[PDB]
Every structure is written in C-alpha cells, then in structure tokens.
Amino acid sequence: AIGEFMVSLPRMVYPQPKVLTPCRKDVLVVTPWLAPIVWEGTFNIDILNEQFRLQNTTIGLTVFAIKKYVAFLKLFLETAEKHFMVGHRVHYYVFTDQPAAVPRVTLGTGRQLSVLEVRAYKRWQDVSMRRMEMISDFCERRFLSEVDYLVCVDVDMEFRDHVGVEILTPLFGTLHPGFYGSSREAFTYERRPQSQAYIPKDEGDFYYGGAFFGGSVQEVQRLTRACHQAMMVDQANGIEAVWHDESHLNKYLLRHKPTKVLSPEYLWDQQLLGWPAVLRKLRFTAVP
C-alpha cells in the first residue's frame, strides 16, 4: 500500500548526516521545485528500505518485448532479479506479441511475472509510441488494483547495480544520459509549434529519457493517458514528434514537475558514453 501517514522507524545506527559537509559537491542534488535528484551518495538505503517495507510496498515494472526484442528478456529479467527492488514485492508486466517466447526465469520470493499479449505495430516509432496507450489501458485493467508504484522501462537493457526504493515517489523522470550536461537549447525537444509536444527554446528544466519513468499508479496513468492523447492529436494534424513518445514525456514533465528526478546512473549507455567520474555507479545500462 501507499501509507496515508509517515511511518514509525525502529532504532537504527548509521553515520550522522553532516550539514556542513555534503558528500556530493559536483552535481545538483535537488531541483528548483525541491525534488531530490537521485545520485549515489545522496541516500541511505537502509532508512529508505525500512520506510517502504513498513508500508508493504509493491512495485510493478512494465517492459515491452515486441517482435525481435523478446531476445532481450532473459538478461533483463535475470539482472532485475539481482538488482531491482530486492526485498520488496515486485510484479513484472511483460507486454509481448509472442507469449510463448518469454523465457523461463526463476524468481525470488514475493516476486511475480505476468505476460500481457499485445499488438505488434509495423513501424518501430509506433511500437515505441504505443507503449503510452498500452500502459494507460493496463493501469485501469490491472495496475490500480495490483501494485502501488509503476516503473516503466526499455527492454534492451540490463541491471548492473542497485535500483531500489530510493526512486519511488508520486512521479519521476530520469535524466537522459546524452543530455545531462547540456544547455536547454541543445535538448532535442520537439520544436515545431504545430506539435502538442512543442517546447520553445527558452523553456525546459531537463531532457528526460523515454526509457525510464514511473510514479504511483495514478500518476503514471495520468501521464501515459496524457501522452497518448497528445500523440493522437498530432496524428490527426499530420505530424509526428521528433523523438516520439520521449518528446511527449518531456512536454508532460515540463508542465507537471516530477517529485524525484533520477540521475543518469539509472539510464546509461557505456558503449556510447563510457564511465565518467560523475557516475559513481552504473545501475541500468544499454545492451549492444
């Protein structure tokens, strides 16, 4: 459940936080709307685990494995078992056009997987974009009654390190690894005013990656519904956003500020970007 009130922790022994000696001095760790930006060194996972376990938190994880991308499922799921929300209840939701191709993966206690059969669109743009419609639809059918939070990610990825309850919050986006150091004018937002995803050059906080977002079920339902609706308006007007669902996600999170932002530790591509000093951990990374 998502508790109505603050929970009561047991006695715990850990290092005193140091008001005058912040660990991360190299990166911004809070947004201008006072949302934490989650980097290694900003959180004590023992405190956060207690808080979330005391609420018997269930996390749903959606992933789309359409056409040849079913190949990615085995590593994705096996690494999620090692690194994603270990100790908490997890419900995996695998959307696929090939239920029989979902690999048999052994799950730890309190963890379950459901296979959702869906349509395979012809164009990769449509496969990517239609995820918003499909997640939104399933928030109603399944997720609202089954999980507390939803985490929505790309499948061509593996977990290499801890991804845990530090990410959970009503609404979150993740800094795209290609743009975390970039100026807003360089962000590849949709720039045509004819598109619902339009963001002009003097607006923008961050460029969020389409491959990792989430929040409470109700906030994810609202976001995915809104993005789908915007995409449908664009389609009726004969326009397709430059970065598809990611463009609409960015317009959405611009106007609806996320309550946490994840650092690129949570969405990385080591082949393209290496391992910069600013990344103390690489947690969720692209597979070739």
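Residue positions are given as counts along the sequence shown, with the first one as 1.
The stretch with the higher mean CA B factor, choosing between 131 to 139 and 115 to 123, is 115 to 123. Legend: mean Cα B-factor per stretch from the PDB entry, 163 to 171 versus 98 to 106; the higher mean is in 98 to 106. Out of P200, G215, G209, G87, the entry records its largest CA B-factor for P200. Highest C-alpha temperature factor among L279, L273, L267, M12 per the entry: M12.
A35 sits in the lowest third of its chain by CA B factor, as recorded in the PDB entry. Ranked by Cα temperature factor within the chain, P177 sits in the lowest third according to the deposited record.
Among all modelled residues in this chain, the alpha-carbon of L75 has a temperature factor (C-alpha) in the middle third. In the deposited entry, the Cα temperature factor of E158 sits in the middle third of values across the chain's modelled residues. The PDB entry assigns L144 a C-alpha temperature factor belonging to the highest third of its chain's modelled residues.
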